[PDB]
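Take a look at this single chain, the form deposited in one PDB entry, given in structure tokens.
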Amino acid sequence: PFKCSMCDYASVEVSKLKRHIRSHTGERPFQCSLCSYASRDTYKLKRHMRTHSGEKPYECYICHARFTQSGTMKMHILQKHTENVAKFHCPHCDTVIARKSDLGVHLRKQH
């Protein structure tokens, strides 16, 4: 396949090789028409443009909610509409938390 002479990243595609170079060169973006924000991937600039519009194409099929991202919509389904969900214990504490996002910020200021 293809290789990266910087971080030893491999990918079978040429476009995904240039996408990895955006993370090393820094800026290869376009610009935003309303806040001058600049994102490398063309898709992320499209979801940034979704911030300034009431476009929420992701709907919760249960409570008919609306979200700007599928993953954000996915979390709402996971923590608010499912009961028997596997929570996570702390490797150095005796508390139990739901999300890894909470686990990441927990170890930041607790450990």
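Rigid core: the largest C-alpha set superposing within 1.5 Å between the two forms. Residues that one form lacks are left out of the comparison. Just count from 1 along the sequence shown to find any residue number.
*Asks:* Give the stretch, out of 10 to 18 and 93 to 101, with the larger mean C-alpha temperature factor in the deposited entry.
*Replies:* Higher mean C-alpha B-factor: 93 to 101.
*Asks:* Please work out which of 52 to 60 and 26 to 34 has the higher mean CA B-factor as recorded in the PDB entry.
*Replies:* Between 26 to 34 and 52 to 60, it is 26 to 34 that shows the higher mean C-alpha B-factor.
*Asks:* Among the candidates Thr42, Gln79, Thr68, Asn84, give the one with the maximum CA B-factor reported in the record.
*Replies:* So the option with the highest C-alpha B-factor is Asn84.
Here the subject shifts to the form deposited in another entry, a form of this protein not shown in this document.
*Asks:* Taking 2 Å as the cut-off, check whether the CA of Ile21 shifts that much or more between the shown form and the other one after a rigid core fit.
*Replies:* Moves: no, less than 2 Å.
*Asks:* For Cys63, decide whether the Cα shift between the shown form and the other one is 2 Å or greater, given a superposition on the rigid core.
*Replies:* No; that C-alpha moves by less than 2 Å between the shown form and the other one.
*Asks:* Where exactly does the backbone move between the shown form and the other one? Looking for runs of 3+ consecutive residues, each with a CA shift of 2 angstroms or more after core alignment.
*Replies:* After superposing the rigid core, the shifted stretches between the shown form and the other one are 28 to 30, 84 to 111.
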